[PDB]
Ligand SMILES: *[C@@H]1O[C@H](CO)[C@@H](O[C@@H]2O[C@H](CO)[C@@H](O[C@@H]3O[C@H](CO[C@H]4O[C@H](CO)[C@@H](O)[C@H](O)[C@@H]4O[C@H]4O[C@H](CO)[C@@H](O)[C@H](O)[C@@H]4O)[C@@H](O)[C@H](O[C@H]4O[C@H](CO)[C@@H](O)[C@H](O)[C@@H]4O[C@H]4O[C@H](CO)[C@@H](O)[C@H](O)[C@@H]4O)[C@@H]3O)[C@H](O)[C@H]2NC(C)=O)[C@H](O)[C@H]1NC(C)=O
Ligand SMILES: *[C@@H]1O[C@H](CO)[C@@H](O[C@@H]2O[C@H](CO)[C@@H](O[C@@H]3O[C@H](CO[C@H]4O[C@H](CO)[C@@H](O)[C@H](O)[C@@H]4O[C@H]4O[C@H](CO)[C@@H](O)[C@H](O)[C@@H]4O)[C@@H](O)[C@H](O[C@H]4O[C@H](CO)[C@@H](O)[C@H](O)[C@@H]4O[C@H]4O[C@H](CO)[C@@H](O)[C@H](O)[C@@H]4O)[C@@H]3O)[C@H](O)[C@H]2NC(C)=O)[C@H](O)[C@H]1NC(C)=O
Ligand SMILES: *[C@@H]1O[C@H](CO)[C@@H](O[C@@H]2O[C@H](CO)[C@@H](O[C@@H]3O[C@H](CO[C@H]4O[C@H](CO)[C@@H](O)[C@H](O)[C@@H]4O)[C@@H](O)[C@H](O[C@H]4O[C@H](CO)[C@@H](O)[C@H](O)[C@@H]4O)[C@@H]3O)[C@H](O)[C@H]2NC(C)=O)[C@H](O)[C@H]1NC(C)=O
Ligand SMILES: *[C@@H]1O[C@H](CO)[C@@H](O[C@@H]2O[C@H](CO)[C@@H](O[C@@H]3O[C@H](CO)[C@@H](O)[C@H](O[C@H]4O[C@H](CO)[C@@H](O)[C@H](O)[C@@H]4O)[C@@H]3O)[C@H](O)[C@H]2NC(C)=O)[C@H](O)[C@H]1NC(C)=O
Ligand SMILES: *[C@@H]1O[C@H](CO)[C@@H](O[C@@H]2O[C@H](CO)[C@@H](O[C@@H]3O[C@H](CO)[C@@H](O)[C@H](O[C@H]4O[C@H](CO)[C@@H](O)[C@H](O)[C@@H]4O)[C@@H]3O)[C@H](O)[C@H]2NC(C)=O)[C@H](O)[C@H]1NC(C)=O
Ligand SMILES: CC(=O)N[C@@H]1[C@@H](O)[C@H](O[C@@H]2O[C@H](CO[C@]3(C(=O)O)C[C@H](O)[C@@H](NC(C)=O)[C@H]([C@H](O)[C@H](O)CO)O3)[C@H](O)[C@H](O)[C@H]2O)[C@@H](CO)O[C@H]1O
Ligand SMILES: *[C@@H]1O[C@H](CO)[C@@H](O[C@@H]2O[C@H](CO)[C@@H](O[C@@H]3O[C@H](CO)[C@@H](O)[C@H](O)[C@@H]3O)[C@H](O)[C@H]2NC(C)=O)[C@H](O)[C@H]1NC(C)=O
Ligand SMILES: Nc1nc(=O)c2nc(CNc3ccc(C(=O)N[C@@H](CCC(=O)O)C(=O)O)cc3)cnc2[nH]1
Ligand SMILES: *[C@@H]1O[C@H](CO)[C@@H](O[C@@H]2O[C@H](CO)[C@@H](O)[C@H](O)[C@H]2NC(C)=O)[C@H](O)[C@H]1NC(C)=O
Ligand SMILES: *[C@@H]1O[C@H](CO)[C@@H](O[C@@H]2O[C@H](CO)[C@@H](O)[C@H](O)[C@H]2NC(C)=O)[C@H](O)[C@H]1NC(C)=O
Ligand SMILES: *[C@@H]1O[C@H](CO)[C@@H](O[C@@H]2O[C@H](CO)[C@@H](O)[C@H](O)[C@H]2NC(C)=O)[C@H](O)[C@H]1NC(C)=O
Ligand SMILES: *[C@@H]1O[C@H](CO)[C@@H](O)[C@H](O)[C@H]1NC(C)=O
Ligand SMILES: *[C@@H]1O[C@H](CO)[C@@H](O)[C@H](O)[C@H]1NC(C)=O
Ligand SMILES: *[C@@H]1O[C@H](CO)[C@@H](O)[C@H](O)[C@H]1NC(C)=O
Ligand SMILES: *[C@@H]1O[C@H](CO)[C@@H](O)[C@H](O)[C@H]1NC(C)=O
Ligand SMILES: *[C@@H]1O[C@H](CO)[C@@H](O)[C@H](O)[C@H]1NC(C)=O
Ligand SMILES: *[C@@H]1O[C@H](CO)[C@@H](O)[C@H](O)[C@H]1NC(C)=O
Ligand SMILES: *[C@@H]1O[C@H](CO)[C@@H](O)[C@H](O)[C@H]1NC(C)=O
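Protein chains in written order, with the authors' numbering: chain A, 570 to 617; chain B, 18 to 472; chain C, 327 to 682, 704 to 741, 754 to 763; chain D, 813 to 877, 886 to 957; chain E, 813 to 860; chain F, 1007 to 1103; chain G, 1055 to 1103.
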């Protein structure tokens, strides 16, 4: 048996599937724009 | 499977001349929701003399849609020659939620013979032909428009007297000008009025037979026909797809003069239609008898809320697209076409994302190695691996075992393998499968009471 | 309850309107006044039923040839027919029959817009992989039931003498289905949607040859480019074929014409009960009301006419007539009570006495318990409305007095 | 009327008793408000209204026709649904609803009732008519 | 802006129409209150 | 000049119509809210009972109850607000007479 | 939405809806109470002027 328990917000949500990153998903390259974001599991929409 | 008649025995297809310039016309007929264009009537019920909002699949107010026009082929006097078409077979569109079609809007107007711009003729209604399916790609020479596996074909025939719907595999023929042969451009259907549209006996297979020159029909699961009484009346056609199959809508069997669409058929097509195209059609008229054929317009559907005005007789004659503009939102909020003068607040104009930003921990894999080495503990001595600041992959672990039962609670299956977590805690132990149920939350047996319990 | 706990006095709160009043205040003594109480309910005097009656829904396809694998499930859609699940269930040894968002009794007895039956070969050893909570390969890549419509899942074994159903060589399934994007770095799992087929169905053969077979298709630009890939897996075949049957039912996209068959009495017709309050069940639509013969409105083909509050207000019957449907209407009740005399009268506001000394018709409704007095008051304690007043006889009956 | 629902409704306490008592009090409040208001409009002494009341001052607009002419016009120009105080129950069955969203016929369907006012029209007219005749004096 | 939520919100009836109409009326009430109040403070004749 | 004054430009006249409209709105809440499901599978109790067994049937009926109890509480709260307002207004009418 | 499937996702969204509908009803009820009060007060101001 394998039990899996997951927690969602005691720390940065740093346990993630691996992701290949594009350089158009950086924050610095999209300042002033409305973007969707996912930052270490934290998500929503906004302007950086 | 269904017998759909014999294969074509011709060694070659009729040559098709594609000259899109001639079909690049501007004859706009956008959806006018105030005139109830493009509306499919609420399906399980009717209403009388009321104005209500309704949620359903509707075209957008102001949508121009995609115009398609069929033409006469090439001729020399009394001997028709080459077919003349637009680049339609290669223009494959995403199906999404389906579409509605405005058919014969220009009928009775003086129009143009597309093949001969200086020649005018009275415009006649012509029915659209469609090819729909799950997967698309190219033909032998690299041109697009090939559909794979079963393809739904809606092919009007009998010079506009029947709609033939079939779901079959289309096997490109290899003859001259055919899709698997030499000198291929585009497949097209055709009929030859001179022999196919006699005043009495119309050839009910004229378009089917031309279709068959380009493709062999294989593993057909059905072929249905619907009758059409001839007229020059503007009509609407629509197609949608649900778990029950493909639904064909039309205004002509219920609201002929009004235009509201009602379902007339459901087809047993269960794979998802993702793509569609217009099958170009060319009429092999003699040079001296070319007609102008009405353009048809295809508009896409989406789940919109409309304000629908139901007359005493139940037809929808007027409507508001509640998301078109702010004025429309106002009418919908009061469920009326007439609201009092004033200044009103309406939904804000939303800012929409222009992109996305992502940051994730990227680095070390989370290490499930301990798990794989030595004798696992008993259930009361389970061992715990706590993963933080790492990249996880459950497949990497799951793929090493023959999984008998994998279930999740308070998280979806898709989510367990794709979300980010503060931590992932893995508790592993030896456990007989015969005691599977003793690990259930509802269990009152020894495992859940004294050995191991999940959060 | 007395101090010693015994019950010495009680009110039956449903006996009459006066009793309802005492109960609503939880007291045996309430103040004088005119009070609204529960209406006098109209009750059904019978019932009307209309159902599609005709062709049986045909489960024959199901019984002939080799059933498909779970990712190639076949679908039978039943509309406008009489269903009988026992007829199908009785042909198989059912191992597990469960329902979700519909009761067991209901699955076999309600009318539906449609019934969709999805059948396939399926090992019983993988039973749990069809659970909603499952994160295994069947629920992720092969077959998933609707979360929106009520569903049932039947797992059953084909009997040795049901010789019309043949067996595949092995059971098989997709254990992987994903897309490789044009960059060939990112792989995206392609999960199956409820009631749909996996995108990998076109690359996976009807039977997986052997466990571990890998399939790939090059996608065109219109499909987003990249590759669609999948892996198959197998389960050894059992002595008797095990099959799954998913059932999905919809309740209101059309006339609910998929019904159990019903033997009809001719006393359940609408025409024979016009003007009465009846229970009705019309092609799965039900409630209580009064049918009336009236002028047709709405679209005939749509059968059921609704108002602006979504009530059913009319119906086109299979007998050719259009009926208006009115709610069974309750009869308003107000109790006129005088505490000092311990007397009362009942006002049925807005009601003509034809529906109820005998009853007295007044400007505010029909009143029982009052006697018309042609007397005037200024000092009215029990106003009835308009310029009417109940005046106790003091005990006798209350008088109906006019306010001067 | 569904018993299962009623059984579950009971677990919310005497909900309906509260609804009924709150409205009963609210309704008594208007009968008391009306009674008090009219008691105060009421004249002790008043002159009769006769045609010609007003002399050179044209008051025919206000003279009872009984409501006055302006009073009838005021009512005729306001769109008011007829509550059917005497026999609305029946009007809604033999004729049915007047239009979409007919809130008077909805009463017998939805479970609510519109109650009649404390004074009838002729009594209210009598109060303002006697008031008119009292103004000069 | 979430479509799933909006889909569920619809099952609560025309909730938002009620919110908007109630506030619209409440807001008109102040414009009418203000207009009436100032109409009465307004002088016919006044010295500079 | 006033005989023809009961029109769109007469503020007092619209207030009369608005008092009437407010009564209608109060009743429309009860007439229109019974069609809501409040997350339930149906606005009809009879449909819930016919389709579901008690452990789920209960939850669905309960959604309808909560929605209807809420509606009635809102209705009553407004009848109390409106009757309080009308009573104050009645005293103003008393003073004006 | 990101964490749950429809049968549970629905229940969770619905909790948020109920809470927000409640909040808006409370807000509106108070704007109506406050606007009624301000209107009465405005008539007092009228009388004082
Ligand atoms: C999470 O964790 C899971 C599990 O660890 C990861 O999933 C794995 O992902 C890898 C890819 O990164 C994937 O490998 C692929 O396997 C297929 C299958 O081939 C096998 O069968 C064929 C049959 O013809 C054999 O020829 C082949 O050698 C393999 O045989 C295996 O089994 C036999 C025993 O039966 C052994 O003897 C063998 O040694 C072997 O183990 C391969 O076809 C695929 O190859 C393609 O990619 C590689 C990349 O290195 C490339 O070099 C190849 O040329 C080829 O690429 C070309 O084709 C692709 C289209 O398919 C195209 O896109 C390219 O551009 C090229 O044209 C590769 O090796 C493995 O199977 C997955 N396992 C599971 C269980 O899912 C998952 O990725 C992890 N997630 C994250 C985010 O990291
Ligand atoms: C939904 O779908 C389901 C499944 O299709 C339907 O349910 C079926 O309904 C039919 C009736 O319509 C029902 O048939 C009845 O079967 C019994 C059982 O008898 C068997 O055993 C006895 C043992 O003594 C045998 O003698 C008899 O021949 C039967 O044997 C069967 O099996 C053997 C092998 O073991 C075979 O060799 C046989 O050929 C046979 O298959 C019968 O007793 C019953 O008979 C009564 O009704 C018939 C009507 O035609 C009548 O002719 C008989 O004389 C007798 O009627 C008298 O008695 C009844 C009281 O019982 C009384 O009311 C009458 O007035 C008479 O006095 C009949 O044949 C079948 O078993 C059901 N199957 C299942 C799985 O449930 C269901 O109805 C469908 N729903 C809807 C709405 O349509
Ligand atoms: C190209 O040209 C053709 C004709 O040359 C047009 O076809 C005509 O279109 C009009 C409008 O759609 C049709 O008029 C409708 O006829 C209906 C029935 O007509 C039949 O029955 C009546 C008796 O009930 C007969 O008198 C009549 O001759 C027919 O036998 C009417 O019921 C319709 O009225 C309904 O709609 C109107 C509003 O449009 C309402 O005011 C009415 O109250 C009622 O609801 C209407 O009169 C006409 O009949 C069609 N001709 C033919 C031959 O059928 C094409 O539309 C035109 N094409 C384009 C694209 O413009
Ligand atoms: C024009 O298009 C129509 C499509 O609408 C197409 O109709 C098809 O015609 C064929 C016959 O030509 C039908 O097939 C027959 O159906 C009957 C049904 O009972 C069968 O009994 C026949 O079986 C006999 O003939 C077979 C011939 O091979 C033998 O193999 C068999 O053993 C029997 O002897 C046969 O299946 C077919 O069902 C219809 N299809 C539809 C969808 O209606 C028509 O043929 C086209 N015409 C031309 C000239 O192309
Ligand atoms: C849905 O439609 C797709 C597309 O039509 C279909 O995929 C096709 O499957 C067939 C066989 O099932 C493939 O045809 C041949 O299959 C044999 C198998 O032994 C191969 O050996 C053949 O190879 C030749 O072509 C190769 C091209 O590179 C050569 O390298 C090789 O030497 C041979 O000359 C050939 O593949 C057919 O190619 C695919 N088509 C595509 C576009 O992939 C699919 O099966 C259908 N799905 C279902 C579920 O019915
Ligand atoms: C394009 C052009 O001008 N070609 C010259 C011919 O016009 C000319 O022969 C005359 O052709 C006349 C018809 O010309 C068109 C037409 O409008 O009908 C020109 C169109 O552009 C062409 N359409 C398309 C899509 O290619 C159309 C078509 O070819 C024919 O209909 C064939 O079926 O022809 C008309 O028939 C005159 O009677 C005829 O003399 C020839 C000289 O004979 O020279 C060409 O360069
Ligand atoms: C006192 O005032 C009233 C009105 O407030 C005067 O009575 C009005 O007299 C006019 C005559 O110009 C009537 O006009 C008529 O209207 C009808 C409407 O259909 C029309 O058909 C006639 O041709 C004419 O235009 C008006 O209706 C009438 N109004 C009433 C309420 O009677 C009255 O005469 C004044 N008295 C004195 C002494 O001046
Ligand atoms: N073969 C053939 N088929 C046709 O359908 C056809 N149609 C026309 C005419 N088509 C049209 C269509 C729309 C307008 C039109 O009046 N459009 C408006 C704009 C409408 C809007 O955008 O709201 C305009 O003022 O141009 C004119 C001609 C001419 N020849 C034809 N020839
Ligand atoms: C369809 O509805 C309209 C309402 O929009 C009805 O017209 C009303 O009819 C009544 C009859 O007494 C009049 O008092 C109203 O003033 C009319 N209103 C309008 C806006 O005209 C119309 O009669 C209905 N048609 C049918 C057949 O019922
Ligand atoms: C389409 O139908 C045919 C016949 O019904 C299927 O069976 C193949 O038919 C060809 C005819 O030349 C034979 O050569 C093959 O050997 C047959 N295969 C089998 C397995 O019997 C064919 O499989 C069907 N295709 C699809 C996609 O369903
Ligand atoms: C669709 O139209 C066709 C053609 O009118 C109908 O087929 C005809 O049916 C009659 C019935 O007596 C036969 O006499 C003709 O010989 C048939 N014609 C042909 C070409 O076969 C067909 O039945 C109609 N379909 C429907 C559903 O009504
Ligand atoms: C951004 O991505 C492109 C993709 O090819 C890469 O060539 C480029 O060097 C990247 N830029 C940086 C700063 O890494
Ligand atoms: C077909 O022609 C249209 C219209 O000129 C153009 O927009 C479209 O891209 C063309 N498509 C192809 C596949 O050539
Ligand atoms: C699509 O085109 C490529 C080259 O253009 C050819 O290799 C490939 O086989 C074509 N696909 C089909 C299905 O013929
Ligand atoms: C199949 O039919 C035969 C006929 O004699 C019977 O003996 C046998 O027991 C039947 N088997 C089953 C599984 O019912
Ligand atoms: C009504 O049912 C009875 C039952 O026996 C039957 O005799 C009578 O003929 C039926 N009437 C009609 C009109 O079918
Ligand atoms: C209903 O009324 C129409 C005419 O008003 C009439 O001809 C028809 O027979 C009536 N139907 C019934 C069931 O009474
Ligand atoms: C009571 O009797 C008198 C007879 O003078 C009659 O005029 C009056 O309308 C009656 N009242 C009622 C409610 O019947």
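For every residue, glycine included, the Cβ atom is placed at its ideal position computed from N, Cα and C.
Query - Distance CB(residue 338(B))-CB(residue 323(B)) smaller than 8 angstroms - result: yes
Report task. Name, please, each residue of chain F whose Cβ falls closer than 8 angstroms to the Cβ of residue 428(C). Result -> 1057, 1058
**Report entry** the region 129-147 of chain B in contact with the region 271-281 of chain B per 3-pair CB rule at 8 angstroms
**Finding:** no
Query raised in the report: Got a sec: is the Cβ-Cβ distance from residue 813(E) to anything in chain B below 8 angstroms?
Result: yes
**Report entry** Beta-carbon gap between residue 491(C) and residue 389(C) smaller than 8 angstroms
**Finding:** Less than 8 angstroms divides the Cβ of residue 491(C) from the Cβ of residue 389(C).
Query raised in the report: Just to check, is the beta-carbon of residue 1091(G) closer than 7 angstroms to a non-hydrogen atom of ligand 18?
Result: no
Query raised in the report: Are residue 1069(F) and residue 428(C) close, meaning C-beta to C-beta below 8 angstroms?
Result: Remark: C-beta atoms of residue 1069(F) and residue 428(C) do not approach each other more closely than 8 angstroms.
Report task. Would you mind telling me which residues of chain F sit closer than 9 angstroms to residue 1062(G), beta carbon to beta carbon, in chain order? Result -> Residues of chain F passing the Cβ test: none, with the nearest at roughly 14 angstroms.
Query raised in the report: In chain order, what are the residues with a CB under 5 angstroms from some non-hydrogen atom of ligand 1?
Result: 587(A), 410(B), 412(B), 413(B), 416(B), 506(C), 510(C), 540(C), 542(C), 553(C)
**Report entry** Neighbour list for residue 350(B) in chain E, Cβ cutoff strictly below 7 angstroms
**Finding:** 829, 832
Query - Assigned secondary structure, residue 511(C) (DSSP; H/G/I helix, E/B strand, else coil) - result: coil
Query - Contact list for the region 461-473 of chain C against chain G, Cβ threshold 8 angstroms - result: 473
Report task. Return the chain-ordered list of same chain residues with a C-beta closer than 6 angstroms to the C-beta of residue 397(B), the five sequence neighbours on each side being excluded. Result -> 468
Report task. Compile a chain-ordered list of the residues in the region 231-262 of chain B whose CB is closer than 7 angstroms to at least one CB of chain A. Result -> none
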